[PDB]
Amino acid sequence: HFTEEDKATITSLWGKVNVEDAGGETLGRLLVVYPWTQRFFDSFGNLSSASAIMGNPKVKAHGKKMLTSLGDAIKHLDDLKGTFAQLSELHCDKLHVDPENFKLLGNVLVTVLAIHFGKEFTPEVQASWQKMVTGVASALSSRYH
């Protein structure tokens, strides 16, 4: 249920987003704010504090990879489930990530968009992005069911 305005708002803001910077910032903040999530990223090296996590090149690279696959979905908002079908099998079967973590990461992303857009990130614009976040988390949980 992406409304016409939802689609329009989400497409506009994503155009203005620097994916590499939002991605690294997003994954990094997930790791700092929600420490248990570091269990899935043991091989990335030192994740002991805000300073270590945010300057970590592997965290930067990987968040950029996260965020770009999200950008794929924005081109095709009506079939989020399809787009994320293989990443679902990945995060579920291989990585064993609990689905609640998908909502946590999406909420961190919303706060990173807020930082970037400031007063442009109105309560209405945020409501559209919360829908996107919910939709994405849903699509990633799909191979859990």
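Just count from 1 along the sequence shown to find any residue number.
Colleague: Of the two stretches 91-99 and 105-113, which shows the higher Cα B-factor on average in the entry?
Modeller: Between 91-99 and 105-113, it is 91-99.
Colleague: On mean Cα temperature factor in this entry, is 24-32 or 42-50 the higher one?
Modeller: According to the PDB entry, the answer is 42-50.
Colleague: Between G55, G63, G118, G82, which one tops the list for Cα B-factor in this entry?
Modeller: Result of the comparison over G55, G63, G118, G82: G82.
Colleague: Pull the Cα B-factor of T11 out of the PDB entry and bin it into the chain's lowest, middle or highest third.
Modeller: Middle third - that is where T11 ends up once the chain's C-alpha B-factors are sorted.
Colleague: Grab the CA temperature factor for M132 from the record and place it in the lowest, middle or highest third of its chain.
Modeller: For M132, the deposited C-alpha B-factor lands in the lowest third.
Colleague: Grab the CA temperature factor for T37 from the record and place it in the lowest, middle or highest third of its chain.
Modeller: Lowest third, going by the recorded CA B-factors of the chain.
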